[PDB]
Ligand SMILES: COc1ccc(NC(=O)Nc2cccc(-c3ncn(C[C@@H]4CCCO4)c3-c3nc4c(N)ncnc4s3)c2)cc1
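Here's a solo chain for you in structure tokens, the form solved without the ligand.
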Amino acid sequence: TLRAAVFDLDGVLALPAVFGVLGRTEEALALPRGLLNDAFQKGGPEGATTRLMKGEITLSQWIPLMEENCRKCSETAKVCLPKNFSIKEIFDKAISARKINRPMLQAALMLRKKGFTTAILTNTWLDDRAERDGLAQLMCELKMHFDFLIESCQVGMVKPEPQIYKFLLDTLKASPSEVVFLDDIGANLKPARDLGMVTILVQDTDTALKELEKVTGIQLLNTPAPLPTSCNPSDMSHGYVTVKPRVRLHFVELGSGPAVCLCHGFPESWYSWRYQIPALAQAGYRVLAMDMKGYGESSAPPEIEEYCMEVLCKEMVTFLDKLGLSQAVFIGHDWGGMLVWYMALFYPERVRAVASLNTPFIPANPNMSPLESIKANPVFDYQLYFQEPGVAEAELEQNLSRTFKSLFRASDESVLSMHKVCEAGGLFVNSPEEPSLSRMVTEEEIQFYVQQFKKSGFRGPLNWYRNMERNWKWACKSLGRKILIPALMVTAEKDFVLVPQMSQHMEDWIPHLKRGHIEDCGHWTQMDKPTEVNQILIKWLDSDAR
């Protein structure tokens, strides 16, 4: 019968509770027990703290009223507050120390995944302190995971008044017996129990989650490690820049801080970074996840030479110029990784730092045609199949769902071997018509790629492979250079085309190179091991890109 879960903020979704600082301050200063808690609740429904929680006044206006209450309580107790006593300092530290209670958030996310409507209901204030950004960030991270956020200072009602509970039920569109309500303050839980709500008094998180699990019948404790947060395309900010007549690049943008430009490979999308975008934004970066030229909402001109590396790099420089960005960190995967190494070699002044997933940096050999180098490696046979215009386009466009379901597979799920493709007659000739769904992707995720590729198909994307000679002549101009800006190379153990061993000589040309390595990871690094990718990238960005 339960179909809604409501959580308090202080002491439930975030710990240590700010309210607990009154007791901790009394004990540290050896003040009479309850002195600061009595000053905080002084006047009850008519006192300063209720006015603050209803939004009548702001936190900075309340701070001197709380201080006056502290003195009235200390005078009646016959005691004295310390010389440097500061309510602002006490509250600044408590708010800063209070972090998200990750197991409680994990449980709310699980209930929402199982069809529950979730909400945060909190008695809170209008924070106008100089340090208010810290709590604004915490609220942004939390609220995105809930259907509703109800704050006392916005609605002009406070717990435990009956009106805020009726407002909550109207918001949830639910009868009280269909709601579980979690709170750490017994008095604020009482009105919800009177209406008939299932209530949980939260002291330690583990016991609260055992009660929640028992009453909902859903496993919440001891669960497998969840995936990082993903992106819902319709919830993102979409940006568009014209880099030349007829050529417009699309990107998704999230976060504040140093600009980080994510460059996908073939045949992908900005959406290939769906697990990285929220994580990097939360870590303090302004993420720009591109639809590379030829893909998604970016322009896809038909000419092969529009996709040579020199042109593609010049366009990424123009993209930064139009956005007013002097630099960005460039992170690439597959063809995007090849692009970011050439951005580092030709435009180091515009690249704050560079990172590649899977694609190594191997200098061009000026004594061998790129055609002969490609012919020498059996795993690169699919590149020769992609050379003749129209052949691979017809195969890849014939059934888009089959194409993405065949390509996007973990290392132990393959249906396509990248060798003997020309002799076989195509990539999918020994592959099923209706491939099974990989554990890495849902049907809904495959359908997003299908819809993106309906616009321009595979001509633009395949043209990235049709400039081997042009790219080789341009790369040969850089053979006397080294990459001396901050760089990271991430290898994937089970990518059988871009094998880790191919990156072994990179330090000869990038002497200060940093590395990451992902075990049991295939070609589709970002979606195969997203937790590991996020950990490696954030660690590297925080040490080398700030």
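Residues carry their position along the shown sequence, with the first being 1.
In what follows, reference is made to the form solved in complex with the ligand, a form of this protein that is not presented.
Checking 146, 285, 271, 342 for any heavy atom within 4.5 Å of the ligand in the entry with it bound turns up a single hit: 342. Comment: the ligand is not present in this chain, but in the entry with it bound one of 498, 35, 483, 59 has a heavy atom within 4.5 Å of it, namely 498. Among heavy atoms of residue 523, some come within 4.5 Å of the ligand in the entry with it bound. Taking non-hydrogen atoms only, residue 427 approaches the ligand to within 4.5 angstroms in the entry with it bound.
Contact annotation for residue 407: at least one heavy atom lies within 4.5 Å of the ligand in the entry with it bound. Although the partner is absent here, residue 216 sits far enough away that none of its heavy atoms falls within 4.5 Å of the ligand in the entry with it bound. Contact with the ligand in the entry with it bound, judged as any non-hydrogen atom within 4.5 angstroms, is confined among 113-121, 285-293, 134-142, 379-387 to 379-387. The candidate spot formed by 338, 465 and 502 is fully in contact with the ligand in the entry with it bound: every one of the three has a heavy atom within 4.5 Å.
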